[PDB]
Each structure stands twice: as structure tokens, then as C-alpha cells.
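Colleague: Below is a structure I'd like to ask you about.
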Amino acid sequence: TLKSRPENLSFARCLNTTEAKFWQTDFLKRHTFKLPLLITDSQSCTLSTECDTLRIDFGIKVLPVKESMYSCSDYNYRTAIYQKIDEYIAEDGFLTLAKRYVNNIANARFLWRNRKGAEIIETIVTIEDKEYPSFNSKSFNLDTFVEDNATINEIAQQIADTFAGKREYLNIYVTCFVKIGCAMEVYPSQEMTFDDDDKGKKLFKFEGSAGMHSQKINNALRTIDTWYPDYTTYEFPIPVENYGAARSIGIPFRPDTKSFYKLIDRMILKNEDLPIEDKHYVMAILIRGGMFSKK
Amino acid sequence: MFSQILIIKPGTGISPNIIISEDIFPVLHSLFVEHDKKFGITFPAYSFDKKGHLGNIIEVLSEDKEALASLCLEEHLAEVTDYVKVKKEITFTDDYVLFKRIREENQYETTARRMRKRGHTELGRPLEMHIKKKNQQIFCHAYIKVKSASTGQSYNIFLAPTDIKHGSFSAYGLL
Amino acid sequence: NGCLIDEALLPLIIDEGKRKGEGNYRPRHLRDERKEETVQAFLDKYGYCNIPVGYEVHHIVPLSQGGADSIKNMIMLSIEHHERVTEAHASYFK
């Protein structure tokens with residue numbers, strides 16, 4: 001029997017994302033070479049004349065949920081969280097969330113603006129040694145989740161096993177191929193500049209070349225949350241924040257007892273059973289990680 | 001006044017203005033010139049507090065119904081279907097608000113060249129002032145970027161609501 | 001007719017607001033309270049009823065730094081110049 005959350009409770013993320021990098025190349029000879037693409041000057045970034053493809057390389061590290069809590073100043077709360085997580089493993093097995101994350105990877109949501117107006121999009125997923133067949137991201141929409149692909153099932157199974165208790169680590173390397181066209185414009189990440197003298201646009205330079213932040217790709221992958229109130233009114237997945245917040249509507253979708261804090265109170269403090277949707281949401285929040293401390 | 005409603009799907013990251021001015025306005029202009037000047041465009045989301053807020057919803061209006069049927073927006077827009085939503089429920093409405101194009105003013109160089117070509121009175125120091133004041137209004141209105149295929153340049157077409165209900169709108173669908 | 005119209009006058013106004021409000025920061029209870037009648041009197045004197053489209057009111061010397069709300073310490077100016085002066089003053093003071 002518990003009364004309140006501890007004065008110092010926090011979690012570490014179970015999905016680490018490496019920063020992106022841009023490598024312009026040609027589609028017809030993509031497995032031959034790759035040329036660097038640099039920021040040219042209000043800065044900008046455009047493909048060279050003799051080039052018609054853009055390639056993005058990044059990686060994801062997956063860690064178990066149980067061994068991913070940083071600080072918790074209550075042994076009783078720690079044991080309660082442990083048994084709740086074990087119950088979720090016994091019931092679900094972290095398979096739905098793994099399928100959703102793999103689906104988010106497969107539809108190439110992380111391209112952001114560069115996804116729009118692309119002739120051909122291809123995504124190849126590389127496990128520790130082996131590789132998986134190429135993904136045609138043009139056939140996957142941003143609204144419905146496919147739970148029938150064999151490769152999606154395999155990668156989701158591996159991710160779920162690394163999540164619950166089976167494996168201690170996983171590393172996934174993702175390469176992309178987008179055929180924008182010859183001498184087009186790409187949109188890397190933008191610096192949040194602090195100097196007040198000039199307010200020109202500043203792009204992201206990673207090892208000389210361009211690329212996106214890890215936070216942008218993490219936010220793109222995190223958008224799987226559909227189990228929120230008034231879903232039929234809106235009908236689009238949103239990212240997983242505490243108070244269901246977003247930026248395309250500017251509305252706190254969970255300003256009430258559907259928020260993560262009330263859910264964790266009704267889950268741990270009162271031991272009240274919850275629907276599988278709330279369990280899915282609270283596991284997604286735990287996977288994302290953050291700081292949850294009492295006042 | 002038959003109407004057809006298009007929605008920009010929210011949650012895709014891209015701002016609706018880019019989608020409007022990238023693959024909605026040019027194709028709409030193409031079929032507007034192709035179907036000989038019988039359509040108009042309205043934005044049922046305009047709020048005005050400090051700037052243009054064109055918003056999410058767009059609507060195309062026509063006097064006839066068979067004109068909208070022959071427009072066939074379903075197949076022409078069947079490439080960005082994951083970003084826009086088109087409904088095949090053309091009905092009759094009687095609460096529309098029309099929009100008229102307001103005209104900007106050219107910069108120093110073009111106006112100076114036009115003045116030298118014409119009866120140049122060469123009031124160089126305060127001439128720009130006369131245009132800049134006007135621009136200080138036309139720079140706080142809703143606008144759409146467009147790449148002119150015939151001439152080869154790009155501009156910033158502004159628009160604002162009006163109280164008129166009828167008339168020949170434009171080839172652009174605006175008034 | 002009382003609007004910041006030319007580019008090459010803004011640094012003078014930023015200077016005037018800069019070299020006059022140093023060491024005068026005061027809390028809200030000591031701040032001079034902005035009133036809705038002073039601005040209306042300003043427009044009515046200057047041949048207006050409502051503020052023109054594309055302009056926002058602005059005090060040359062900020063009220064937060066010992067300024068006063070009156071016809072003297074009041075200028076109408078465009079939005080872009082407004083946030084430019086605002087960010088310059090934020091760069092100086094806070």
C-alpha cells in the first residue's frame with residue numbers, strides 16, 4: 001500500500017537515436033559511391049547539378065525497459081513498477097509498440113518535409129550482421145498501421161525481445177534513398193540561434209555535411225499514439241507527451257484524468273486495473289523516458 | 001452556388017501554406033484556365049488579428065454542378081492523398097464569403113525604370129516613401145506564393161475578404 | 001502623419017530608448033499604468049479613430065524603465081519594426 005510518488009523518480013530513454021547525415025548520390029548506381037553534401041550560403045542546402053538522389057544514414061540503440069530506470073527513492077515503488085512491467089510482459093509482451101515503431105520506420109516518417117514530392121523512396125534496415133529487404137515507403141500511409149508484413153513482424157519481434165527481458169541491447173542501422181530530382185532543395189535541421197545581431201536561418205552541420213538532429217527523428221518515430229480521447233473527431237496519430245500535447249492543433253489533448261500522472265496514480269497508488277489502451281500508453285511513456293517527480 | 005470542400009490533413013509536420021502553394025494552387029489554376037473561367041476559391045477559416053490566417057479548410061465554388069462534376073478533382077489530386085482530403089459530396093450552400101485580390105507595389109528599381117520611360121518627374125528622395133506606406137498595409141495580409149510558368153518569376157499574391165457576392169472572379173479563382 | 005515610415009530612423013529611436021532607461025527598472029506597483037484613454041486621445045488628436053491596419057502602438061521610453069504614458073512618449077509603427085525594437089530592448093535589458 002502506497003500513498004504518493006517518491007520525491008525523486010526518473011527514467012532514461014530506451015530508444016537512443018544517432019544524428020542523421022546527408023550523402024548525395026545517384027539512384028542508378030547507389031551501391032557504388034556517395035558524395036558529401038554541404039551547407040552553401042541566410043544559409044541553404046541544395047543538391048549539385050550532377051546528382052539526383054539523397055541518402056540519410058542513422059542508427060537506433062534499443063535497451064530493456066526494466067534496466068532503464070535511473071533514480072527512484074522508494075524500494076516499494078520500484079518493486080511495484082517491476083511487477084507491473086512483468087505483468088505487461090506476461091500479457092502483451094511489448095509487441096504492439098514494437099510493431100508501431102517499426103511501422104513508423106517503414107513509412108519513412110522521419111524524412112519530414114523531404115518526404116513530400118518524392119518520386120522514389122527506399123528504406124533498408126540492417127541488423128547486427130544481416131540486412132532486410134528494401135521498403136517501398138510510398139505505399140505506406142501516415143494514418144493506418146500495417147500488421148501483416150513479414151519483415152515488419154521479424155524486426156518487431158527482435159525489438160520486443162530486446163525490450164522485455166530477452167536480449168540486453170540492440171543496434172539498428174537505417175539507410176534511406178529519396179529521389180527528389182536533379183538540382184533540388186533539401187531541408188536539414190535548423191539551429192536555435194541565440195545571438196541577437198543577426199537572425200538569418202542557420203542549418204545543421206554534422207561532420208561537415210548536413211543532417212537532422214536526433215530529437216527530430218526521435219519525435220518522428222514516437223508518433224504512434226492513437227489511443228487518446230476524441231480520436232474519431234481528429235483521426236491522426238500524435239506523439240507521446242505527458243499531457244498529450246502537439247503543435248499542429250495547439251490543444252492539450254489530455255488535460256484531464258487521461259493524462260499520464262492520473263493514469264500512473266490509478267495504476268500504482270490504488271492498484272486499480274486499467275484498459276489495455278491505458279497500459280499501452282503508459283508503456284509508451286515509460287519507453288520514451290523522462291522525469292516524473294512529486295512537488 | 002455549388003461548393004466543393006478540401007481539407008489539409010493535420011499532423012504531417014508540414015505547414016498548410018506550403019501544401020496550398022505547392023500542389024493545390026498550381027493545379028487549381030491549371031484547370032481554372034482549362035475550364036474557361038467559371039470557378040472561384042474561398043477559405044472558410046480566415047481569422048484576422050495581426051496577419052493572414054488562411055488556415056486549414058479550402059473551398060472551390062461554381063455556378064453550375066456539372067462544371068464541378070467535369071472538374072474531376074479526384075483523379076487530378078490522387079497523388080498527395082496522404083496530405084489532402086477531397087470529399088465527393090458537392091452540395092448547395094448559401095453562406096459563402098468571397099475574397100478579392102489586392103495589388104502590391106513594385107520596388108525602387110522597377111518603378112524608377114517605369115518613371116524614366118514615362119514622363120519622368122524625378123522625385124527620387126520621397127518616391128519610395130509613397131510606395132512604402134502602401135506596402136506597410138499589403139504586407140499584413142494573407143498571401144500565396146506562385147511560380148509563374150509563362151514569365152519565369154515568383155510573387156506573393158495577396159488576398160482579403162469582400163462583401164460582394166457575384167461577378168466574374170478571375171482566372172486564378174480569386175477576385 | 002505619425003507612423004515610422006523610413007528604415008533609416010529606427011537606430012535613433014533605439015538609441016533614445018537605450019540611453020534613457022538604464023538603472024530605472026522598477027516593479028509593477030511602481031510602474032506607471034498604461035491607460036486606454038491616452039492612446040485614444042492620441043489618435044483623436046492625430047486624426048484617427050482606430051489604429052490603422054499594419055501598425056501597433058509603441059512607447060519610445062519603456063514604461064518598465066521609468067517611462068511615462070502620454071502623447072509625447074508614444075509612436076505608431078509597423079509590426080516588423082515593433083518586434084525588432086522589442087528584441088533589441090530585450091537584448092539590452094533582459
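Ordering of the C-alpha cells sets the chain letters (A, B, ...); residue numbers start at 1 within each chain; ligands are numbered from 1 in the order shown.
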Select all residues from chain C having any atom no more than 12 Å from an atom of chain B (counting only C-alpha atoms, ignoring ligands), output as a ChimeraX atom specification.

Modeller: /C:1-8,51-56,77-81

Colleague: Quick one: residues within 8 Å of residue 40 in chain C, only C-alpha atoms counted, chain neighbours fewer than 3 positions away excluded, as a PyMOL selection string?

Modeller: chain C and resi 36-37+43-44+49-50

Colleague: Write a file of the just-selected residues containing C-alpha atoms, as a PDB file, in the first residue's frame.

Modeller:
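The resulting file, selection.pdb, is shown below:
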```
ATOM      1  CA  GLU C  36      -6.749  53.143 -22.748  1.00  0.00           C
ATOM      2  CA  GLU C  37      -7.750  56.816 -22.861  1.00  0.00           C
ATOM      3  CA  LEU C  43      -5.414  59.088 -32.299  1.00  0.00           C
ATOM      4  CA  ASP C  44      -8.203  61.636 -31.932  1.00  0.00           C
ATOM      5  CA  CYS C  49     -10.408  56.716 -34.588  1.00  0.00           C
ATOM      6  CA  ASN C  50      -8.948  53.191 -34.619  1.00  0.00           C
TER       7      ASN C  50
END
```

Colleague: Per residue of chain B within 8 Å of chain A, note the shortest atom pair and the distance in Å to one decimal, counting only C-alpha atoms, and order the rows by chain and increasing residue number, as a tab-separated table.

Modeller:
```
residue	atom	partner	partner_atom	distance
B:10	CA	A:248	CA	6.2
B:11	CA	A:248	CA	5.8
B:12	CA	A:112	CA	7.8
B:13	CA	A:112	CA	6.5
B:14	CA	A:113	CA	6.1
B:82	CA	A:141	CA	6.2
```

Colleague: Would you save the residues from that selection as a PDB file, in the first residue's frame, using C-alpha atoms?

Modeller:
```pdb
ATOM      1  CA  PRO B  10      -3.125  17.938 -39.775  1.00  0.00           C
ATOM      2  CA  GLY B  11      -0.270  16.174 -38.055  1.00  0.00           C
ATOM      3  CA  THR B  12       2.019  15.741 -41.076  1.00  0.00           C
ATOM      4  CA  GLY B  13       4.588  18.288 -39.870  1.00  0.00           C
ATOM      5  CA  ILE B  14       4.389  20.452 -42.983  1.00  0.00           C
ATOM      6  CA  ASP B  82      -1.845  11.325 -47.653  1.00  0.00           C
TER       7      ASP B  82
END
```

Colleague: As an MDAnalysis selection string, please: all residues of chain C that backbone DSSP puts in alpha helix (DSSP H).

Modeller: chainID C and resid 10:18 36:45 79:92

Colleague: Per residue of chain C within 8 Å of chain A, which atom pair is closest and at what distance in Å (one decimal), using only C-alpha atoms, listed by chain and increasing number, as a tab-separated table?

Modeller:
```
residue	atom	partner	partner_atom	distance
C:87	CA	A:196	CA	7.7
C:88	CA	A:196	CA	7.5
C:91	CA	A:196	CA	6.7
```

Colleague: State, in Å with one decimal place, the distance from CA of residue 155 in chain A to CA of residue 83 in chain B.

Modeller: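 Calculated distance between CA of residue 155 in chain A and CA of residue 83 in chain B is 27.8 Å.
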
Colleague: Leaving out residue 95 in chain B and any residue of its chain fewer than 2 positions from it, which residues lie within 10 Å of it when counting only C-alpha atoms, given as JSON, numbers by chain?

Modeller: {"B": [1, 92, 93, 97, 165]}

Colleague: Please produce an output containing N, CA and C atoms for each residue in the selection, written as a PDB file, in the first residue's frame.

Modeller:
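part-v6.pdb, freshly written:
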```
ATOM      1  N   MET B   1     -24.959  28.290 -56.167  1.00  0.00           N
ATOM      2  CA  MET B   1     -23.528  28.296 -55.904  1.00  0.00           C
ATOM      3  C   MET B   1     -23.084  26.979 -55.281  1.00  0.00           C
ATOM      4  N   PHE B  92     -25.274  22.212 -51.931  1.00  0.00           N
ATOM      5  CA  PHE B  92     -25.637  23.604 -52.148  1.00  0.00           C
ATOM      6  C   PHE B  92     -25.494  24.382 -50.846  1.00  0.00           C
ATOM      7  N   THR B  93     -24.792  25.511 -50.900  1.00  0.00           N
ATOM      8  CA  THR B  93     -24.618  26.361 -49.733  1.00  0.00           C
ATOM      9  C   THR B  93     -24.999  27.793 -50.083  1.00  0.00           C
ATOM     10  N   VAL B  97     -18.321  33.347 -48.359  1.00  0.00           N
ATOM     11  CA  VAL B  97     -17.612  34.618 -48.275  1.00  0.00           C
ATOM     12  C   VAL B  97     -16.553  34.636 -49.365  1.00  0.00           C
ATOM     13  N   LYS B 165     -21.012  39.381 -53.720  1.00  0.00           N
ATOM     14  CA  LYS B 165     -21.472  38.002 -53.794  1.00  0.00           C
ATOM     15  C   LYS B 165     -21.361  37.378 -55.177  1.00  0.00           C
TER      16      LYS B 165
END
```

Colleague: In Å to one decimal, how far is CA of residue 145 in chain A from CA of residue 88 in chain A?

Modeller: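 Calculated distance between CA of residue 88 in chain A and CA of residue 145 in chain A is 21.7 Å.
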
Colleague: In Å, with one decimal, what is the gap from CA of residue 241 in chain A to CA of residue 266 in chain A?

Modeller: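 If I compute the distance from CA of residue 241 in chain A to CA of residue 266 in chain A, I get 18.4 Å.
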
Colleague: Would you list the contacts of range 59-73 of chain C as an NGL selection string, taking every protein, DNA or RNA residue within 9 Å and counting only C-alpha atoms, but skipping same-chain residues closer than 4 positions in sequence?

Modeller: :C and (13-14 or 16-18 or 20-28 or 30-35 or 38-39 or 41-42)

Colleague: Those same residues - N, CA and C atoms - I'd like them written as an mmCIF file, in the first residue's frame.

Modeller:
```cif
data_model
loop_
_atom_site.group_PDB
_atom_site.id
_atom_site.type_symbol
_atom_site.label_atom_id
_atom_site.label_comp_id
_atom_site.auth_asym_id
_atom_site.auth_seq_id
_atom_site.Cartn_x
_atom_site.Cartn_y
_atom_site.Cartn_z
ATOM 1 N N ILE C 13 15.792 55.875 -32.664
ATOM 2 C CA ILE C 13 14.776 55.608 -31.650
ATOM 3 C C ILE C 13 15.263 54.551 -30.666
ATOM 4 N N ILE C 14 15.957 53.527 -31.169
ATOM 5 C CA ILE C 14 16.515 52.520 -30.271
ATOM 6 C C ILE C 14 17.568 53.143 -29.363
ATOM 7 N N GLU C 16 17.571 56.333 -28.378
ATOM 8 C CA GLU C 16 16.860 57.177 -27.421
ATOM 9 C C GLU C 16 16.238 56.348 -26.307
ATOM 10 N N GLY C 17 15.663 55.195 -26.652
ATOM 11 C CA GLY C 17 15.171 54.295 -25.627
ATOM 12 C C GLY C 17 16.268 53.581 -24.867
ATOM 13 N N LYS C 18 17.483 53.559 -25.411
ATOM 14 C CA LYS C 18 18.604 52.850 -24.809
ATOM 15 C C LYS C 18 19.367 53.715 -23.811
ATOM 16 N N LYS C 20 18.376 56.189 -22.071
ATOM 17 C CA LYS C 20 17.487 56.889 -21.158
ATOM 18 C C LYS C 20 16.827 55.990 -20.123
ATOM 19 N N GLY C 21 16.892 54.670 -20.276
ATOM 20 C CA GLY C 21 16.220 53.778 -19.353
ATOM 21 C C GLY C 21 17.147 52.867 -18.577
ATOM 22 N N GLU C 22 18.400 53.280 -18.407
ATOM 23 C CA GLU C 22 19.381 52.483 -17.685
ATOM 24 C C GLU C 22 19.294 52.786 -16.195
ATOM 25 N N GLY C 23 19.315 51.735 -15.383
ATOM 26 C CA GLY C 23 19.225 51.897 -13.940
ATOM 27 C C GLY C 23 17.907 52.471 -13.469
ATOM 28 N N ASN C 24 16.809 52.122 -14.143
ATOM 29 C CA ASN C 24 15.487 52.601 -13.764
ATOM 30 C C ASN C 24 14.460 51.479 -13.685
ATOM 31 N N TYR C 25 14.895 50.223 -13.622
ATOM 32 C CA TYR C 25 13.956 49.114 -13.539
ATOM 33 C C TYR C 25 13.248 49.121 -12.192
ATOM 34 N N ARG C 26 11.928 49.017 -12.226
ATOM 35 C CA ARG C 26 11.092 49.077 -11.040
ATOM 36 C C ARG C 26 10.029 47.994 -11.133
ATOM 37 N N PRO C 27 9.494 47.546 -9.999
ATOM 38 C CA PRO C 27 8.411 46.556 -10.033
ATOM 39 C C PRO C 27 7.120 47.152 -10.574
ATOM 40 N N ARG C 28 6.119 46.277 -10.709
ATOM 41 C CA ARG C 28 4.866 46.667 -11.350
ATOM 42 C C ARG C 28 4.106 47.695 -10.524
ATOM 43 N N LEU C 30 5.304 50.059 -8.832
ATOM 44 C CA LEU C 30 5.920 51.358 -9.065
ATOM 45 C C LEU C 30 5.874 51.780 -10.527
ATOM 46 N N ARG C 31 5.538 50.866 -11.432
ATOM 47 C CA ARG C 31 5.423 51.193 -12.844
ATOM 48 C C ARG C 31 4.224 52.100 -13.094
ATOM 49 N N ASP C 32 4.374 53.005 -14.056
ATOM 50 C CA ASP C 32 3.243 53.812 -14.485
ATOM 51 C C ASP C 32 2.283 52.960 -15.303
ATOM 52 N N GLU C 33 1.002 53.028 -14.956
ATOM 53 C CA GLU C 33 -0.002 52.155 -15.547
ATOM 54 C C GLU C 33 -0.454 52.700 -16.895
ATOM 55 N N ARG C 34 -0.407 51.847 -17.915
ATOM 56 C CA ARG C 34 -0.916 52.221 -19.226
ATOM 57 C C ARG C 34 -2.436 52.304 -19.189
ATOM 58 N N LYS C 35 -2.976 53.372 -19.771
ATOM 59 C CA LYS C 35 -4.411 53.603 -19.800
ATOM 60 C C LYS C 35 -4.900 53.605 -21.240
ATOM 61 N N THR C 38 -5.401 57.496 -23.017
ATOM 62 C CA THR C 38 -4.300 58.292 -23.550
ATOM 63 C C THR C 38 -4.066 57.986 -25.022
ATOM 64 N N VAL C 39 -4.081 56.702 -25.383
ATOM 65 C CA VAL C 39 -3.878 56.327 -26.776
ATOM 66 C C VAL C 39 -5.034 56.821 -27.640
ATOM 67 N N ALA C 41 -6.922 59.420 -27.066
ATOM 68 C CA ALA C 41 -6.691 60.850 -27.224
ATOM 69 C C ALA C 41 -5.610 61.117 -28.259
ATOM 70 N N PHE C 42 -4.587 60.260 -28.309
ATOM 71 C CA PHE C 42 -3.519 60.429 -29.290
ATOM 72 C C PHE C 42 -4.046 60.301 -30.717
#
```

Colleague: Write out as a PyMOL selection string all residues of range 28-259 of chain A that DSSP puts in strand (DSSP E or B) for this structure's backbone.

Modeller: chain A and resi 35-36+38+40+44+46+53-62+69-72+121-126+131+135-136+170-178+185+190+203+205-206+209-210+225+238
